[PDB]
>>> print(open('run-v1.tsv').read())   # TSV, C-alpha atoms
chain	number	residue	atom	x	y	z
A	3124	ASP	CA	-28.50	-20.00	34.97
A	3125	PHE	CA	-26.93	-22.69	37.16
A	3126	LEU	CA	-23.58	-20.98	36.55
A	3127	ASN	CA	-25.15	-17.65	37.59
A	3128	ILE	CA	-26.13	-19.23	40.93
A	3129	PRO	CA	-24.03	-17.63	43.73
A	3130	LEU	CA	-22.93	-20.86	45.39
A	3131	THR	CA	-21.58	-20.69	48.95
A	3132	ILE	CA	-18.71	-23.09	49.71
A	3133	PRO	CA	-17.79	-23.71	53.38
A	3134	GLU	CA	-14.36	-23.86	54.96
A	3135	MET	CA	-12.81	-27.31	54.56
A	3136	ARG	CA	-9.54	-28.85	55.71
A	3137	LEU	CA	-8.01	-30.96	52.96
A	3138	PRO	CA	-7.23	-34.58	53.94
A	3139	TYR	CA	-3.62	-35.54	54.70
A	3140	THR	CA	-2.56	-31.92	55.27
A	3141	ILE	CA	-2.89	-29.02	57.69
A	3142	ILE	CA	-4.22	-26.67	55.01
A	3143	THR	CA	-7.69	-25.19	55.60
A	3144	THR	CA	-8.90	-23.50	52.42
A	3145	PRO	CA	-10.99	-20.33	52.70
A	3146	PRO	CA	-14.76	-20.59	52.19
A	3147	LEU	CA	-16.36	-19.19	49.05
A	3148	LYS	CA	-19.34	-16.85	49.46
A	3149	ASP	CA	-21.94	-16.20	46.76
A	3150	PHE	CA	-19.71	-17.83	44.14
A	3151	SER	CA	-21.63	-17.04	40.96
A	3152	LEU	CA	-18.96	-17.99	38.43
A	3153	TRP	CA	-20.86	-16.60	35.44
A	3154	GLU	CA	-20.99	-13.19	37.15
A	3155	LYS	CA	-18.07	-13.06	39.61
A	3156	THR	CA	-15.65	-13.67	36.71
A	3157	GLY	CA	-17.28	-10.88	34.68
A	3158	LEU	CA	-18.77	-13.10	31.96
A	3159	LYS	CA	-22.28	-11.91	32.82
A	3160	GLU	CA	-21.13	-8.31	32.45
A	3161	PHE	CA	-18.86	-9.00	29.47
A	3162	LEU	CA	-21.28	-10.94	27.25
A	3163	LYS	CA	-24.47	-9.20	28.50
A	3164	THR	CA	-26.04	-12.65	28.91
A	3165	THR	CA	-26.63	-15.33	31.54
A	3166	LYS	CA	-26.59	-18.19	29.00
A	3167	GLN	CA	-25.58	-19.09	25.43
A	3168	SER	CA	-28.06	-18.91	22.54
A	3169	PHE	CA	-26.58	-19.26	19.06
A	3170	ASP	CA	-28.32	-19.02	15.68
A	3171	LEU	CA	-26.40	-19.68	12.46
A	3172	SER	CA	-27.97	-19.30	9.01
A	3173	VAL	CA	-26.08	-20.04	5.79
A	3174	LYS	CA	-27.53	-19.82	2.27
A	3175	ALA	CA	-25.76	-20.98	-0.90
A	3176	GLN	CA	-28.60	-21.39	-3.39
A	3177	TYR	CA	-28.14	-21.05	-7.15
A	3178	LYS	CA	-30.95	-20.73	-9.70
A	3179	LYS	CA	-29.13	-22.73	-12.36
A	3180	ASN	CA	-29.03	-21.42	-15.94
A	3181	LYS	CA	-26.86	-23.57	-18.20
A	3182	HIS	CA	-27.36	-21.47	-21.34
A	3183	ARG	CA	-24.70	-19.33	-23.01
A	3184	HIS	CA	-24.37	-16.48	-25.49
A	3185	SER	CA	-22.36	-17.54	-28.56
A	3186	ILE	CA	-20.71	-14.55	-30.24
A	3187	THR	CA	-19.52	-15.42	-33.74
A	3188	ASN	CA	-15.78	-14.85	-34.11
A	3189	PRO	CA	-14.81	-13.03	-37.38
A	3190	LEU	CA	-11.99	-15.04	-38.93
A	3191	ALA	CA	-12.52	-12.94	-42.08
A	3192	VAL	CA	-9.59	-10.77	-40.97
A	3193	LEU	CA	-7.25	-13.68	-41.73
A	3194	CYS	CA	-9.10	-14.61	-44.93
A	3195	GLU	CA	-8.04	-11.34	-46.58
A	3323	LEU	CA	-15.02	-20.73	-42.21
A	3324	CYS	CA	-14.26	-17.05	-41.80
A	3325	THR	CA	-17.32	-16.61	-39.54
A	3326	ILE	CA	-18.01	-20.02	-37.94
A	3327	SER	CA	-16.61	-19.93	-34.41
A	3328	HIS	CA	-18.14	-18.75	-31.14
A	3329	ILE	CA	-16.93	-16.52	-28.34
A	3330	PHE	CA	-18.85	-17.78	-25.31
A	3331	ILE	CA	-20.50	-15.32	-22.92
A	3332	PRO	CA	-22.21	-17.40	-20.19
A	3333	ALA	CA	-25.87	-16.84	-19.34
A	3334	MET	CA	-25.36	-17.93	-15.73
A	3335	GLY	CA	-27.92	-16.84	-13.17
A	3336	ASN	CA	-27.22	-14.79	-10.07
A	3337	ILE	CA	-24.94	-16.38	-7.48
A	3338	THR	CA	-26.31	-15.70	-3.99
A	3339	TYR	CA	-24.53	-16.39	-0.70
A	3340	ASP	CA	-25.64	-14.83	2.59
A	3341	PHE	CA	-23.94	-15.61	5.90
A	3342	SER	CA	-25.67	-14.55	9.12
A	3343	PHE	CA	-24.87	-15.47	12.72
A	3344	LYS	CA	-26.45	-14.19	15.94
A	3345	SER	CA	-25.14	-13.85	19.48
A	3346	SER	CA	-25.31	-11.46	22.42
A	3347	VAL	CA	-21.79	-10.08	22.10
A	3348	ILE	CA	-21.09	-10.49	18.35
A	3349	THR	CA	-23.37	-10.28	15.32
A	3350	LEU	CA	-22.09	-10.91	11.78
A	3351	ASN	CA	-24.09	-10.66	8.55
A	3352	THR	CA	-22.19	-10.74	5.25
A	3353	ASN	CA	-23.95	-10.85	1.87
A	3354	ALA	CA	-22.18	-11.47	-1.44
A	3355	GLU	CA	-24.19	-11.07	-4.66
A	3356	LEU	CA	-22.83	-11.72	-8.15
A	3357	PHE	CA	-24.77	-11.00	-11.35
A	3358	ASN	CA	-23.80	-12.79	-14.57
A	3359	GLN	CA	-26.60	-12.26	-17.09
A	3360	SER	CA	-24.14	-11.17	-19.79
A	3361	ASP	CA	-21.93	-8.63	-17.98
A	3362	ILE	CA	-20.32	-8.83	-14.53
A	3363	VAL	CA	-21.67	-6.91	-11.53
A	3364	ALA	CA	-20.25	-8.09	-8.19
A	3365	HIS	CA	-21.26	-6.47	-4.90
A	3366	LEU	CA	-20.23	-7.48	-1.38
A	3367	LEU	CA	-21.60	-6.31	1.96
A	3368	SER	CA	-20.06	-7.40	5.27
A	3369	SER	CA	-21.78	-6.21	8.45
A	3370	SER	CA	-20.16	-6.81	11.84
A	3371	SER	CA	-21.68	-5.64	15.13
A	3372	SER	CA	-20.16	-6.33	18.54
A	3373	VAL	CA	-19.97	-5.06	22.09
A	3374	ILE	CA	-16.26	-4.52	21.41
A	3375	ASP	CA	-15.37	-1.38	19.46
A	3376	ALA	CA	-12.88	-2.98	17.08
A	3377	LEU	CA	-15.18	-5.93	16.31
A	3378	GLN	CA	-17.84	-3.52	14.97
A	3379	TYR	CA	-17.20	-2.26	11.44
A	3380	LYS	CA	-18.64	-2.06	7.94
A	3381	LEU	CA	-17.09	-3.20	4.65
A	3382	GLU	CA	-18.59	-2.48	1.23
A	3383	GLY	CA	-17.40	-3.53	-2.21
A	3384	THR	CA	-18.75	-3.09	-5.74
A	3385	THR	CA	-17.02	-4.32	-8.90
A	3386	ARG	CA	-18.64	-3.66	-12.28
A	3387	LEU	CA	-17.36	-4.97	-15.62
A	3388	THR	CA	-19.23	-4.49	-18.90
A	3389	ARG	CA	-18.37	-6.48	-22.02
A	3390	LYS	CA	-21.08	-5.57	-24.56
A	3391	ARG	CA	-18.74	-2.96	-26.11
A	3392	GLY	CA	-15.39	-4.19	-24.83
A	3393	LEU	CA	-14.17	-4.69	-21.30
A	3394	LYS	CA	-14.80	-1.59	-19.17
A	3395	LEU	CA	-14.26	-2.14	-15.45
A	3396	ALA	CA	-14.81	0.08	-12.41
A	3397	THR	CA	-13.92	-1.18	-8.92
A	3398	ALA	CA	-14.47	0.89	-5.77
A	3399	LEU	CA	-13.77	-0.35	-2.24
A	3400	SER	CA	-14.45	1.38	1.07
A	3401	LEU	CA	-13.68	0.14	4.59
A	3402	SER	CA	-15.27	1.50	7.77
A	3403	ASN	CA	-12.95	0.45	10.59
A	3404	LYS	CA	-11.88	2.34	13.70
A	3405	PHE	CA	-8.12	2.00	13.17
A	3406	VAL	CA	-8.02	1.62	9.36
A	3407	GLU	CA	-9.66	3.93	6.81
A	3408	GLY	CA	-9.38	2.20	3.44
A	3409	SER	CA	-10.42	3.96	0.23
A	3410	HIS	CA	-9.42	2.21	-2.99
A	3411	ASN	CA	-10.46	3.17	-6.52
A	3412	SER	CA	-9.53	1.22	-9.65
A	3413	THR	CA	-11.17	1.78	-13.04
A	3414	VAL	CA	-9.92	0.25	-16.30
A	3415	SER	CA	-12.06	1.39	-19.23
A	3416	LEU	CA	-11.81	0.36	-22.89
A	3417	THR	CA	-13.97	2.63	-25.05
A	3418	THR	CA	-13.44	0.31	-28.07
A	3419	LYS	CA	-10.64	2.59	-29.37
A	3420	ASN	CA	-8.62	4.06	-26.48
A	3421	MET	CA	-7.14	2.79	-23.22
A	3422	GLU	CA	-7.69	4.46	-19.84
A	3423	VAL	CA	-6.25	3.29	-16.51
A	3424	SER	CA	-6.48	5.22	-13.24
A	3425	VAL	CA	-5.59	4.13	-9.70
A	3426	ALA	CA	-6.76	6.41	-6.89
A	3427	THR	CA	-6.05	4.73	-3.55
A	3428	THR	CA	-6.04	6.70	-0.30
A	3429	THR	CA	-5.70	4.98	3.08
A	3430	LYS	CA	-4.29	6.10	6.42
A	3431	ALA	CA	-3.44	4.30	9.66
A	3432	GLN	CA	-4.70	5.52	13.03
A	3433	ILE	CA	-2.15	3.85	15.33
A	3434	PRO	CA	-1.52	6.31	18.21
A	3435	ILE	CA	2.26	6.01	18.53
A	3436	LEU	CA	2.79	5.60	14.75
A	3437	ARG	CA	0.23	7.51	12.68
A	3438	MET	CA	0.66	6.96	8.94
A	3439	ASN	CA	-0.88	8.31	5.75
A	3440	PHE	CA	-0.14	7.18	2.19
A	3441	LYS	CA	-1.72	7.92	-1.17
A	3442	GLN	CA	-1.46	6.32	-4.61
A	3443	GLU	CA	-2.00	7.93	-8.01
A	3444	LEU	CA	-1.40	6.09	-11.29
A	3445	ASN	CA	-3.18	7.22	-14.47
A	3446	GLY	CA	-1.86	5.45	-17.55
A	3447	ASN	CA	-3.59	6.91	-20.61
A	3448	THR	CA	-3.15	6.21	-24.33
A	3449	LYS	CA	-5.20	8.31	-26.74
A	3450	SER	CA	-2.61	8.11	-29.52
A	3451	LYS	CA	0.72	8.07	-27.65
A	3452	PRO	CA	0.69	6.52	-24.16
A	3453	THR	CA	0.97	9.01	-21.31
A	3454	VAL	CA	1.58	7.79	-17.76
A	3455	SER	CA	1.47	9.69	-14.47
A	3456	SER	CA	3.18	8.26	-11.40
A	3457	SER	CA	3.04	10.18	-8.12
A	3458	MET	CA	3.60	8.20	-4.92
A	3459	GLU	CA	3.19	10.11	-1.65
A	3460	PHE	CA	3.80	8.67	1.82
A	3461	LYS	CA	3.68	10.27	5.28
A	3462	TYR	CA	4.61	8.82	8.67
A	3463	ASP	CA	4.30	10.22	12.20
A	3464	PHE	CA	6.35	8.39	14.83
A	3465	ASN	CA	6.92	8.98	18.54
A	3466	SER	CA	8.16	6.45	21.11
A	3467	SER	CA	7.74	8.12	24.50
A	3468	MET	CA	9.06	5.08	26.38
A	3469	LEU	CA	12.17	5.04	24.17
A	3470	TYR	CA	12.13	8.87	24.01
A	3471	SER	CA	12.68	8.58	20.25
A	3472	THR	CA	10.42	10.46	17.84
A	3473	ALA	CA	10.69	11.12	14.13
A	3474	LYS	CA	8.52	12.50	11.33
A	3475	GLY	CA	9.05	12.57	7.59
A	3476	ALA	CA	7.73	11.68	4.17
A	3477	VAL	CA	9.06	9.76	1.18
A	3478	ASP	CA	7.43	10.95	-2.03
A	3479	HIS	CA	8.18	10.21	-5.68
A	3480	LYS	CA	7.05	11.57	-9.05
A	3481	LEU	CA	7.78	9.80	-12.34
A	3482	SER	CA	7.00	11.37	-15.71
A	3483	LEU	CA	7.10	9.02	-18.71
A	3484	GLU	CA	6.60	10.19	-22.31
A	3485	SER	CA	7.05	7.59	-25.06
A	3486	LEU	CA	6.42	9.96	-27.95
A	3487	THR	CA	7.21	8.75	-31.46
A	3488	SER	CA	9.36	11.83	-32.10
A	3489	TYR	CA	11.45	11.11	-28.99
A	3490	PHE	CA	11.29	9.41	-25.61
A	3491	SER	CA	11.69	11.38	-22.37
A	3492	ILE	CA	11.77	9.79	-18.91
A	3493	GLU	CA	11.92	11.99	-15.80
A	3494	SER	CA	12.15	10.72	-12.22
A	3495	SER	CA	12.99	12.29	-8.88
A	3496	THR	CA	12.45	11.29	-5.26
A	3497	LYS	CA	12.79	12.90	-1.83
A	3498	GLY	CA	13.50	10.77	1.22
A	3499	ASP	CA	12.59	13.16	4.03
A	3500	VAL	CA	12.73	12.48	7.76
A	3501	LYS	CA	13.47	14.34	10.98
A	3502	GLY	CA	13.65	12.92	14.48
A	3503	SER	CA	15.31	12.94	17.88
A	3504	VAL	CA	16.77	10.07	19.91
A	3505	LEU	CA	17.54	10.29	23.64
A	3506	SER	CA	17.57	14.09	23.39
A	3507	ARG	CA	19.87	13.85	20.34
A	3508	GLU	CA	18.58	14.83	16.92
A	3509	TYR	CA	18.28	12.40	14.01
A	3510	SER	CA	18.61	14.19	10.66
A	3511	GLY	CA	17.93	12.57	7.31
A	3512	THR	CA	16.91	14.06	3.96
A	3513	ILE	CA	17.68	12.37	0.63
A	3514	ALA	CA	16.89	14.04	-2.69
A	3515	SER	CA	17.55	12.71	-6.18
A	3516	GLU	CA	16.77	13.88	-9.71
A	3517	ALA	CA	17.10	11.25	-12.45
A	3518	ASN	CA	16.83	12.53	-16.03
A	3519	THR	CA	17.29	10.43	-19.18
A	3520	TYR	CA	16.83	11.53	-22.79
A	3521	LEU	CA	16.88	9.44	-25.97
A	3522	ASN	CA	16.78	10.29	-29.67
A	3523	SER	CA	17.98	8.94	-33.00
A	3524	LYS	CA	20.83	11.48	-33.04
A	3525	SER	CA	21.56	12.29	-29.39
A	3526	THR	CA	20.93	10.69	-26.01
A	3527	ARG	CA	21.67	12.11	-22.57
A	3528	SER	CA	21.30	11.06	-18.95
A	3529	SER	CA	22.32	13.07	-15.89
A	3530	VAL	CA	21.28	12.07	-12.36
A	3531	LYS	CA	21.93	14.29	-9.34
A	3532	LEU	CA	22.05	13.07	-5.74
A	3533	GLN	CA	22.09	14.64	-2.27
A	3534	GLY	CA	22.62	12.13	0.52
A	3535	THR	CA	22.58	14.97	3.04
A	3536	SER	CA	22.03	13.50	6.51
A	3537	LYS	CA	23.55	13.42	9.98
A	3538	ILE	CA	23.06	11.71	13.33
A	3539	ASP	CA	22.95	13.71	16.57
A	3540	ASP	CA	24.22	16.69	14.55
A	3541	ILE	CA	27.44	14.75	13.87
A	3542	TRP	CA	28.91	13.49	10.60
A	3543	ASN	CA	27.07	15.82	8.25
A	3544	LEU	CA	27.26	17.03	4.64
A	3545	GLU	CA	26.75	13.98	2.43
A	3546	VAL	CA	26.69	15.92	-0.82
A	3547	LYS	CA	26.94	15.86	-4.60
A	3548	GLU	CA	27.39	12.28	-5.81
A	3549	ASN	CA	26.28	13.43	-9.24
A	3550	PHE	CA	27.18	12.48	-12.81
A	3551	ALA	CA	26.48	13.70	-16.34
A	3552	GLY	CA	26.79	12.09	-19.75
A	3553	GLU	CA	25.96	13.08	-23.33
A	3554	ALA	CA	26.25	11.13	-26.59
A	3555	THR	CA	25.64	12.71	-30.00
A	3556	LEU	CA	26.41	11.40	-33.47
A	3557	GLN	CA	28.92	14.25	-33.78
A	3558	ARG	CA	30.79	13.87	-30.49
A	3559	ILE	CA	30.99	12.24	-27.07
A	3560	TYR	CA	31.32	13.85	-23.64
A	3561	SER	CA	31.42	12.58	-20.06
A	3562	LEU	CA	31.51	13.90	-16.49
A	3563	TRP	CA	31.21	11.18	-13.91
A	3564	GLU	CA	31.69	11.65	-10.16
A	3565	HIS	CA	32.56	15.22	-9.18
A	3566	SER	CA	31.64	15.40	-5.50
A	3567	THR	CA	32.25	17.26	-2.25
A	3568	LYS	CA	32.16	16.05	1.35
A	3569	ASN	CA	32.98	17.30	4.84
A	3570	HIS	CA	32.10	15.25	7.93
A	3571	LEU	CA	32.76	16.47	11.47
A	3572	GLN	CA	33.08	14.47	14.67
A	3573	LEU	CA	31.60	16.18	17.73
A	3574	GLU	CA	33.49	14.01	20.24
A	3575	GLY	CA	37.11	14.23	21.30
A	3576	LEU	CA	38.94	17.08	19.58
A	3577	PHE	CA	36.57	17.38	16.61
A	3578	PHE	CA	38.49	15.41	14.00
A	3579	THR	CA	37.38	16.16	10.44
A	3580	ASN	CA	37.60	14.31	7.13
A	3581	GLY	CA	35.70	14.89	3.91
A	3582	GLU	CA	37.93	13.42	1.22
A	3583	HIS	CA	36.40	13.42	-2.24
A	3584	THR	CA	37.29	13.69	-5.92
A	3585	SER	CA	37.41	16.93	-7.87
A	3586	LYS	CA	35.57	17.36	-11.17
A	3587	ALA	CA	37.08	15.56	-14.16
A	3588	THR	CA	35.74	15.26	-17.69
A	3589	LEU	CA	36.30	13.77	-21.14
A	3590	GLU	CA	35.46	15.24	-24.56
A	3591	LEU	CA	35.88	13.39	-27.86
A	3592	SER	CA	35.60	14.92	-31.33
A	3593	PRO	CA	37.03	14.05	-34.76
A	3594	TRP	CA	40.78	14.69	-35.05
A	3595	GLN	CA	40.81	15.78	-31.40
A	3596	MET	CA	41.24	13.74	-28.22
A	3597	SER	CA	41.11	15.75	-24.98
A	3598	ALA	CA	41.24	14.25	-21.48
A	3599	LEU	CA	41.45	16.40	-18.35
A	3600	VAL	CA	41.34	14.93	-14.83
A	3601	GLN	CA	41.57	16.73	-11.49
A	3602	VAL	CA	41.14	14.62	-8.36
A	3603	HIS	CA	42.12	14.10	-4.70
>>> encode(input="run-v1.tsv", output="structure tokens")
Amino acid sequence: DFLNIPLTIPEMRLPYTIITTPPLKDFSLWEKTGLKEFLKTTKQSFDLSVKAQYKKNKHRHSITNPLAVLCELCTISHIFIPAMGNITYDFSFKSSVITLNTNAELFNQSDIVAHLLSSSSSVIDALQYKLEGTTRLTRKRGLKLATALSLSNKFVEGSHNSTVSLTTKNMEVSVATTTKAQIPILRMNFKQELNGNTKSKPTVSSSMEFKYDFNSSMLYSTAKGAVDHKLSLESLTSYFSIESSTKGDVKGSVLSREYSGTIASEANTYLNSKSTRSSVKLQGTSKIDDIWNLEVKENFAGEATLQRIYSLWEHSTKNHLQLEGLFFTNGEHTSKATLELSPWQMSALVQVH
């Protein structure tokens, strides 16, 4: 309260100088500097409470380990599953402007159940948020885990979902994460999907999607795009197929001049006891300010069979134009050229330049 007192200071002339400082009227530092308004208080009262108790349980669950598999003390050895009690830890602090209360609870009777709760409250918008987290793992019939996380923040929206389940015969993995940024100038959204599954033959899905929204008004540069990928993987016993393709997409403008970029690729590989093949196609198509365009066809193709061999490597085409001066052009590139090999026959044709 003393600091809230609006002290009046008279006009004084400092010794050894001709300076006469101005008087101060109703100088309530706690209020005239905005602290009274900012913190909503005329003083400081702080309460901190921390709890870290633990009801100790030193017992364990001893699961006999079946060494009989090797025998064909086949059954005298113990897999230890602790009988620990709950671990409790609550943190709570109090104040006028900020209030934090986070509770973490962990259960360890025989399985694992972990839950977290963080509560933040403040006069400031960003300082107020909610975070929740639950992780559950069961071991009675193998390890089956399910983790889900959610964040409640003004600028970040985090949703994360991981669940690894073992049904005592089959293997399931799935990752479903979705989170987006809320930055004004650069708004972003990404999304993760990964579902590796193995009933008899493993099957894996890989789709990565990303979006980005950019605009720099001060720099007068703006661009939008998305880079997204899809991978298909099939490790079948009969044969093994791997398929991958990606698309680097973006459009933008800089100082009233357009920025163009779009990259697409298709990667394809095939394997088998008799024949294997792999052909990957590329399009580097892009240009800056509508200049130097047509980055095209950097593709290749190859095939190998027990009977024969074939190859086609770097057929391409290019044409890039300058939009300054007298519009000089150059797009040099190779023409298609191949190779085929068979018994008794050797054929090699090459066209280039």
>>> atom_distance(input="run-v1.tsv", atom1="CA of residue 3436 in chain A", atom2="CA of residue 3545 in chain A")
28.2 Å
>>> residues_around(input="run-v1.tsv", residues="residue 3590 in chain A", least_positions_apart="5", cutoff="10 Å", atoms="all atoms listed in the file", output="list in words")
residues 3553, 3558, 3559, 3560, 3561, 3562, 3595, 3596, 3597, 3598 and 3599 of chain A
>>> closest_atom_pairs(input="run-v1.tsv", of="range 3488-3591 of chain A", to="range 3461-3477 of chain A", cutoff="6 Å", atoms="all atoms listed in the file", output="JSON lines")
{"residue": "A:3497", "atom": "CA", "partner": "A:3477", "partner_atom": "CA", "distance": 5.7}
{"residue": "A:3498", "atom": "CA", "partner": "A:3477", "partner_atom": "CA", "distance": 4.6}
{"residue": "A:3499", "atom": "CA", "partner": "A:3475", "partner_atom": "CA", "distance": 5.1}
{"residue": "A:3500", "atom": "CA", "partner": "A:3475", "partner_atom": "CA", "distance": 3.7}
{"residue": "A:3501", "atom": "CA", "partner": "A:3474", "partner_atom": "CA", "distance": 5.3}
{"residue": "A:3502", "atom": "CA", "partner": "A:3473", "partner_atom": "CA", "distance": 3.5}
{"residue": "A:3503", "atom": "CA", "partner": "A:3472", "partner_atom": "CA", "distance": 5.5}
{"residue": "A:3504", "atom": "CA", "partner": "A:3471", "partner_atom": "CA", "distance": 4.4}
{"residue": "A:3505", "atom": "CA", "partner": "A:3470", "partner_atom": "CA", "distance": 5.6}
>>> atom_distance(input="run-v1.tsv", atom1="CA of residue 3532 in chain A", atom2="CA of residue 3579 in chain A")
22.5 Å
>>> atom_distance(input="run-v1.tsv", atom1="CA of residue 3152 in chain A", atom2="CA of residue 3344 in chain A")
24.0 Å
>>> residues_around(input="run-v1.tsv", residues="residue 3334 in chain A", least_positions_apart="6", cutoff="8 Å", atoms="only C-alpha atoms", output="PyMOL selection string")
chain A and resi 3179-3183+3358-3360
>>> write_last_selection(input="run-v1.tsv", atoms="C-alpha atoms", output="PDB file, in the coordinates of the input")
ATOM      1  CA  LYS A3179     -29.130 -22.730 -12.360  1.00  0.00           C
ATOM      2  CA  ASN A3180     -29.030 -21.420 -15.940  1.00  0.00           C
ATOM      3  CA  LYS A3181     -26.860 -23.570 -18.200  1.00  0.00           C
ATOM      4  CA  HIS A3182     -27.360 -21.470 -21.340  1.00  0.00           C
ATOM      5  CA  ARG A3183     -24.700 -19.330 -23.010  1.00  0.00           C
ATOM      6  CA  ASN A3358     -23.800 -12.790 -14.570  1.00  0.00           C
ATOM      7  CA  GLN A3359     -26.600 -12.260 -17.090  1.00  0.00           C
ATOM      8  CA  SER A3360     -24.140 -11.170 -19.790  1.00  0.00           C
TER       9      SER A3360
END
>>> closest_residue(input="run-v1.tsv", among="A:3331, A:3323, A:3399, A:3546", to="residue 3425 in chain A", atoms="only C-alpha atoms")
A:3399
>>> axis_aligned_box(input="run-v1.tsv", around="range 3521-3537 of chain A", padding_each_side="4 Å", output="lines of an AutoDock Vina configuration file")
center_x = 20.2
center_y = 12.0
center_z = -11.5
size_x = 14.8
size_y = 14.0
size_z = 51.0
>>> residues_around(input="run-v1.tsv", residues="residue 3522 in chain A", least_positions_apart="5", cutoff="12 Å", atoms="all atoms listed in the file", output="ChimeraX atom specification")
/A:3485-3492,3527-3528,3553-3556
>>> closest_atom_pairs(input="run-v1.tsv", of="range 3133-3350 of chain A", to="range 3366-3382 of chain A", cutoff="7 Å", atoms="all atoms listed in the file", output="CSV")
residue,atom,partner,partner_atom,distance
A:3347,CA,A:3373,CA,5.3
A:3348,CA,A:3372,CA,4.3
A:3349,CA,A:3371,CA,4.9
A:3350,CA,A:3370,CA,4.5
>>> write_last_selection(input="run-v1.tsv", atoms="C-alpha atoms", output="PDB file, keeping the file's coordinate frame")
ATOM      1  CA  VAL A3347     -21.790 -10.080  22.100  1.00  0.00           C
ATOM      2  CA  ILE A3348     -21.090 -10.490  18.350  1.00  0.00           C
ATOM      3  CA  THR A3349     -23.370 -10.280  15.320  1.00  0.00           C
ATOM      4  CA  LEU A3350     -22.090 -10.910  11.780  1.00  0.00           C
TER       5      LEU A3350
END
>>> closest_residue(input="run-v1.tsv", among="A:3406, A:3453, A:3397, A:3577", to="residue 3422 in chain A", atoms="only C-alpha atoms")
A:3453
>>> closest_residue(input="run-v1.tsv", among="A:3414, A:3326, A:3401, A:3190", to="residue 3388 in chain A", atoms="only C-alpha atoms")
A:3414
>>> residues_near_point(input="run-v1.tsv", point="(-17.4, -3.2, -15.0)", cutoff="12 Å", atoms="all atoms listed in the file", output="ChimeraX atom specification")
/A:3357-3358,3360-3365,3384-3398,3412-3416
